$ cat data.pdb   # PDB, C-alpha atoms (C1' of nucleotides)
MODEL        1
ATOM      1  CA  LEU B   1     -68.738-187.054 -41.035  1.00  0.00           C
ATOM      2  CA  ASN B   2     -72.447-186.358 -41.651  1.00  0.00           C
ATOM      3  CA  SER B   3     -71.964-183.337 -43.885  1.00  0.00           C
ATOM      4  CA  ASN B   4     -74.442-181.504 -46.113  1.00  0.00           C
ATOM      5  CA  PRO B   5     -73.326-180.115 -49.494  1.00  0.00           C
ATOM      6  CA  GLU B   6     -74.053-176.450 -50.162  1.00  0.00           C
ATOM      7  CA  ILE B   7     -72.766-173.437 -52.085  1.00  0.00           C
ATOM      8  CA  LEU B   8     -71.143-170.576 -50.177  1.00  0.00           C
ATOM      9  CA  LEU B   9     -70.530-167.010 -51.354  1.00  0.00           C
ATOM     10  CA  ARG B  10     -67.311-165.519 -50.006  1.00  0.00           C
ATOM     11  CA  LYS B  11     -67.398-162.000 -48.601  1.00  0.00           C
ATOM     12  CA  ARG B  12     -66.437-159.232 -51.004  1.00  0.00           C
ATOM     13  CA  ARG B  13     -63.012-157.750 -50.314  1.00  0.00           C
ATOM     14  CA  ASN B  14     -62.654-154.080 -49.308  1.00  0.00           C
ATOM     15  CA  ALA B  15     -66.358-153.259 -49.602  1.00  0.00           C
ATOM     16  CA  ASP B  16     -66.488-150.714 -46.759  1.00  0.00           C
ATOM     17  CA  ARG B  17     -63.462-148.776 -48.010  1.00  0.00           C
ATOM     18  CA  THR B  18     -64.981-148.658 -51.498  1.00  0.00           C
ATOM     19  CA  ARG B  19     -68.259-147.409 -50.004  1.00  0.00           C
ATOM     20  CA  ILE B  20     -66.475-144.614 -48.130  1.00  0.00           C
ATOM     21  CA  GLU B  21     -64.459-143.687 -51.226  1.00  0.00           C
ATOM     22  CA  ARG B  22     -67.626-143.513 -53.335  1.00  0.00           C
ATOM     23  CA  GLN B  23     -69.365-141.307 -50.761  1.00  0.00           C
ATOM     24  CA  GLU B  24     -66.365-138.961 -50.682  1.00  0.00           C
ATOM     25  CA  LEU B  25     -66.216-138.907 -54.488  1.00  0.00           C
ATOM     26  CA  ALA B  26     -69.911-138.016 -54.710  1.00  0.00           C
ATOM     27  CA  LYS B  27     -69.470-135.183 -52.213  1.00  0.00           C
ATOM     28  CA  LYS B  28     -66.405-133.878 -54.069  1.00  0.00           C
ATOM     29  CA  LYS B  29     -68.197-133.995 -57.429  1.00  0.00           C
ATOM     30  CA  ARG B  30     -71.141-132.039 -56.016  1.00  0.00           C
ATOM     31  CA  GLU B  31     -68.854-129.437 -54.437  1.00  0.00           C
ATOM     32  CA  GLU B  32     -66.767-128.888 -57.571  1.00  0.00           C
ATOM     33  CA  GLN B  33     -69.897-128.648 -59.722  1.00  0.00           C
ATOM     34  CA  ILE B  34     -71.149-125.905 -57.390  1.00  0.00           C
ATOM     35  CA  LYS B  35     -67.753-124.199 -57.619  1.00  0.00           C
ATOM     36  CA  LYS B  36     -67.794-124.149 -61.417  1.00  0.00           C
ATOM     37  CA  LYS B  37     -71.461-123.136 -61.512  1.00  0.00           C
ATOM     38  CA  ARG B  38     -70.965-120.029 -59.390  1.00  0.00           C
ATOM     39  CA  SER B  39     -67.577-119.281 -60.978  1.00  0.00           C
ATOM     40  CA  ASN B  40     -69.215-118.772 -64.398  1.00  0.00           C
ATOM     41  CA  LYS B  41     -71.073-115.564 -63.473  1.00  0.00           C
ATOM     42  CA  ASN B  42     -67.977-113.408 -64.122  1.00  0.00           C
ATOM     43  CA  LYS B  43     -67.650-114.280 -67.820  1.00  0.00           C
TER      44      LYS B  43
ATOM     45  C1'   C P   1     -80.329-123.248-143.340  1.00  0.00           C
ATOM     46  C1'   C P   2     -80.248-118.829-139.879  1.00  0.00           C
ATOM     47  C1'   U P   3     -78.160-116.591-135.298  1.00  0.00           C
ATOM     48  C1'   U P   4     -74.831-115.955-130.792  1.00  0.00           C
ATOM     49  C1'   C P   5     -70.257-117.996-129.287  1.00  0.00           C
ATOM     50  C1'   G P   6     -65.864-120.424-129.916  1.00  0.00           C
ATOM     51  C1'   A P   7     -60.717-123.757-124.561  1.00  0.00           C
ATOM     52  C1'   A P   8     -56.268-126.441-126.955  1.00  0.00           C
ATOM     53  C1'   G P   9     -50.792-130.995-122.757  1.00  0.00           C
ATOM     54  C1'   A P  10     -43.707-126.564-119.132  1.00  0.00           C
ATOM     55  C1'   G P  11     -37.957-128.513-115.786  1.00  0.00           C
ATOM     56  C1'   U P  12     -41.438-129.018-121.781  1.00  0.00           C
ATOM     57  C1'   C P  13     -39.562-126.705-126.542  1.00  0.00           C
ATOM     58  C1'   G P  14     -34.977-124.579-127.000  1.00  0.00           C
ATOM     59  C1'   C P  15     -29.569-122.327-118.219  1.00  0.00           C
ATOM     60  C1'   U P  16     -34.476-122.494-119.176  1.00  0.00           C
ATOM     61  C1'   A P  17     -39.540-120.061-123.022  1.00  0.00           C
ATOM     62  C1'   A P  18     -44.071-118.434-126.609  1.00  0.00           C
ATOM     63  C1'   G P  19     -49.500-117.803-128.213  1.00  0.00           C
ATOM     64  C1'   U P  20     -52.195-114.332-135.342  1.00  0.00           C
ATOM     65  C1'   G P  21     -47.604-119.237-131.184  1.00  0.00           C
ATOM     66  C1'   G P  22     -44.622-123.258-132.356  1.00  0.00           C
ATOM     67  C1'   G P  23     -42.060-127.631-135.379  1.00  0.00           C
ATOM     68  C1'   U P  24     -39.880-129.029-140.085  1.00  0.00           C
ATOM     69  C1'   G P  25     -38.486-128.039-145.063  1.00  0.00           C
ATOM     70  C1'   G P  26     -37.952-124.825-149.968  1.00  0.00           C
ATOM     71  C1'   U P  27     -34.858-121.501-153.174  1.00  0.00           C
ATOM     72  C1'   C P  28     -40.971-114.706-148.690  1.00  0.00           C
ATOM     73  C1'   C P  29     -43.354-119.658-149.634  1.00  0.00           C
ATOM     74  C1'   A P  30     -44.959-124.819-148.471  1.00  0.00           C
ATOM     75  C1'   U P  31     -46.545-128.412-144.808  1.00  0.00           C
ATOM     76  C1'   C P  32     -47.928-130.159-139.871  1.00  0.00           C
ATOM     77  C1'   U P  33     -49.765-129.246-134.561  1.00  0.00           C
ATOM     78  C1'   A P  34     -45.220-131.929-129.827  1.00  0.00           C
ATOM     79  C1'   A P  35     -44.495-132.092-124.511  1.00  0.00           C
ATOM     80  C1'   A P  36     -51.534-137.497-122.924  1.00  0.00           C
ATOM     81  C1'   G P  37     -53.866-142.619-124.551  1.00  0.00           C
ATOM     82  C1'   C P  38     -56.292-147.185-127.348  1.00  0.00           C
ATOM     83  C1'   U P  39     -56.395-149.866-131.794  1.00  0.00           C
ATOM     84  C1'   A P  40     -57.440-155.876-135.840  1.00  0.00           C
ATOM     85  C1'   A P  41     -55.213-157.730-140.759  1.00  0.00           C
ATOM     86  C1'   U P  42     -36.722-201.943 -79.015  1.00  0.00           C
ATOM     87  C1'   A P  43     -34.503-195.915 -74.269  1.00  0.00           C
ATOM     88  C1'   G P  44     -38.543-190.886 -69.329  1.00  0.00           C
ATOM     89  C1'   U P  45     -32.664-192.222 -67.280  1.00  0.00           C
ATOM     90  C1'   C P  46     -27.311-193.197 -73.520  1.00  0.00           C
ATOM     91  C1'   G P  47     -27.024-188.830 -77.540  1.00  0.00           C
ATOM     92  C1'   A P  48     -29.799-185.381 -80.773  1.00  0.00           C
ATOM     93  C1'   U P  49     -33.730-182.396 -79.148  1.00  0.00           C
ATOM     94  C1'   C P  50     -32.626-177.167 -74.964  1.00  0.00           C
ATOM     95  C1'   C P  51     -28.652-172.980 -74.250  1.00  0.00           C
ATOM     96  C1'   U P  52     -25.304-169.745 -75.881  1.00  0.00           C
ATOM     97  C1'   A P  53     -19.653-169.190 -77.735  1.00  0.00           C
ATOM     98  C1'   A P  54     -16.335-166.916 -82.353  1.00  0.00           C
ATOM     99  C1'   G P  55     -19.399-165.632 -86.275  1.00  0.00           C
ATOM    100  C1'   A P  56     -23.228-165.626 -89.663  1.00  0.00           C
ATOM    101  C1'   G P  57     -27.870-163.197 -90.696  1.00  0.00           C
ATOM    102  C1'   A P  58     -33.841-161.096 -91.180  1.00  0.00           C
ATOM    103  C1'   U P  59     -36.683-156.922 -89.765  1.00  0.00           C
ATOM    104  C1'   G P  60     -36.176-150.692 -89.840  1.00  0.00           C
ATOM    105  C1'   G P  61     -33.449-147.922 -93.493  1.00  0.00           C
ATOM    106  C1'   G P  62     -30.284-146.956 -97.736  1.00  0.00           C
ATOM    107  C1'   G P  63     -27.652-148.131-102.699  1.00  0.00           C
ATOM    108  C1'   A P  64     -27.887-150.507-107.397  1.00  0.00           C
ATOM    109  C1'   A P  65     -30.862-151.084-114.451  1.00  0.00           C
ATOM    110  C1'   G P  66     -31.146-155.621-112.067  1.00  0.00           C
ATOM    111  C1'   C P  67     -29.588-160.702-110.748  1.00  0.00           C
ATOM    112  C1'   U P  68     -28.921-158.271-105.429  1.00  0.00           C
ATOM    113  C1'   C P  69     -25.586-155.499-101.867  1.00  0.00           C
ATOM    114  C1'   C P  70     -24.408-152.572 -96.959  1.00  0.00           C
ATOM    115  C1'   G P  71     -25.961-152.399 -92.158  1.00  0.00           C
ATOM    116  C1'   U P  72     -27.353-155.622 -86.572  1.00  0.00           C
ATOM    117  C1'   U P  73     -30.263-151.650 -83.061  1.00  0.00           C
ATOM    118  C1'   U P  74     -30.011-147.918 -86.364  1.00  0.00           C
ATOM    119  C1'   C P  75     -34.097-140.340 -85.643  1.00  0.00           C
ATOM    120  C1'   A P  76     -38.882-147.800 -86.360  1.00  0.00           C
ATOM    121  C1'   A P  77     -45.722-146.286 -83.642  1.00  0.00           C
ATOM    122  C1'   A P  78     -40.662-153.051 -83.023  1.00  0.00           C
ATOM    123  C1'   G P  79     -45.152-155.428 -76.299  1.00  0.00           C
ATOM    124  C1'   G P  80     -46.003-157.595 -72.404  1.00  0.00           C
ATOM    125  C1'   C P  81     -48.002-156.977 -67.460  1.00  0.00           C
ATOM    126  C1'   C P  82     -50.845-154.762 -63.413  1.00  0.00           C
ATOM    127  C1'   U P  83     -54.934-151.896 -60.785  1.00  0.00           C
ATOM    128  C1'   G P  84     -60.235-150.628 -60.883  1.00  0.00           C
ATOM    129  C1'   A P  85     -67.896-151.146 -57.140  1.00  0.00           C
ATOM    130  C1'   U P  86     -68.871-150.244 -64.317  1.00  0.00           C
ATOM    131  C1'   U P  87     -65.757-145.292 -66.573  1.00  0.00           C
ATOM    132  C1'   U P  88     -70.857-138.604 -62.695  1.00  0.00           C
ATOM    133  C1'   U P  89     -74.879-134.539 -68.236  1.00  0.00           C
ATOM    134  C1'   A P  90     -75.464-141.524 -67.254  1.00  0.00           C
ATOM    135  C1'   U P  91     -73.358-147.857 -68.986  1.00  0.00           C
ATOM    136  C1'   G P  92     -68.454-145.674 -76.586  1.00  0.00           C
ATOM    137  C1'   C P  93     -62.044-147.580 -70.943  1.00  0.00           C
ATOM    138  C1'   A P  94     -59.486-144.889 -67.386  1.00  0.00           C
ATOM    139  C1'   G P  95     -54.803-144.978 -64.802  1.00  0.00           C
ATOM    140  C1'   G P  96     -49.865-147.143 -64.034  1.00  0.00           C
ATOM    141  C1'   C P  97     -44.757-150.214 -64.774  1.00  0.00           C
ATOM    142  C1'   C P  98     -40.596-151.796 -67.544  1.00  0.00           C
TER     143        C P  98
ENDMDL
END
$ encode --input "data.pdb" --output "structure tokens"
Amino acid sequence: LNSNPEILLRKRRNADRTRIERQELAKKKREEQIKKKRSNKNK
RNA sequence: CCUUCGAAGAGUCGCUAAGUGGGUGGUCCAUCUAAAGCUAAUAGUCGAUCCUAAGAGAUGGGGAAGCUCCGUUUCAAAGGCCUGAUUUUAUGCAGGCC
């Protein structure tokens, strides 16, 4: 039926949720690093 | 040749030791240095093959001089599977289930 062969890449699964999770993880890591940095002045 | 030094085998000898100590002999003396070691002279289709039954019997462990025996899940690290942007001082696997 007059077709043309090609290669197709399927969409990655759960990319947006992974992106949001990574953004949240980065924010949490920054915040906890700040917490521990200013918590070490009372040693 | 001179001078300054100069260790010695323990559950062993005899319950369990000693360092001019100790072992063995002789009617005080004689002789050796244990408890370490080496050294020559006609079938895809019928059966088996598969499964478990009573039971037998490895592994783990224990006994016995040993040929071997007991014990069958027992104070055994007895193995499979899944998830993840690649795992935050920068690319040396983290978590979970039975």
$ resolve_selection --input "data.pdb" --expression "the PyMOL selection byres ((chain P and resi 69-82) around 8)" --output "number ranges by chain"
P: 60-61, 63-64, 68, 83, 96-97
$ closest_residue --input "data.pdb" --among "B:15, B:20, B:7, B:34" --to "chain P" --atoms "only C-alpha atoms (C1' of nucleotides)"
B:15
$ resolve_selection --input "data.pdb" --expression "the PyMOL selection byres ((chain B) within 9 of (chain P))" --output "PyMOL selection string"
chain B and resi 15+18-19+22+26+29
$ atom_distance --input "data.pdb" --atom1 "CA of residue 13 in chain B" --atom2 "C1' of residue 84 in chain P"
13.0 Å
$ atom_distance --input "data.pdb" --atom1 "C1' of residue 38 in chain P" --atom2 "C1' of residue 8 in chain P"
20.7 Å
$ atom_distance --input "data.pdb" --atom1 "CA of residue 33 in chain B" --atom2 "CA of residue 16 in chain B"
25.8 Å
$ residues_around --input "data.pdb" --residues "residue 22 in chain P" --least-positions-apart "5" --cutoff "12 Å" --atoms "all atoms listed in the file" --output "PyMOL selection string"
chain P and resi 13-14+17+32-35
$ write_last_selection --input "data.pdb" --atoms "C-alpha atoms (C1' of nucleotides)" --output "PDB file, in the coordinates of the input"
ATOM      1  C1'   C P  13     -39.562-126.705-126.542  1.00  0.00           C
ATOM      2  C1'   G P  14     -34.977-124.579-127.000  1.00  0.00           C
ATOM      3  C1'   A P  17     -39.540-120.061-123.022  1.00  0.00           C
ATOM      4  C1'   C P  32     -47.928-130.159-139.871  1.00  0.00           C
ATOM      5  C1'   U P  33     -49.765-129.246-134.561  1.00  0.00           C
ATOM      6  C1'   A P  34     -45.220-131.929-129.827  1.00  0.00           C
ATOM      7  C1'   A P  35     -44.495-132.092-124.511  1.00  0.00           C
TER       8        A P  35
END
$ axis_aligned_box --input "data.pdb" --around "range 73-79 of chain P" --padding-each-side "5 Å" --output "lines of an AutoDock Vina configuration file"
center_x = -37.9
center_y = -147.9
center_z = -81.3
size_x = 25.7
size_y = 25.1
size_z = 20.1
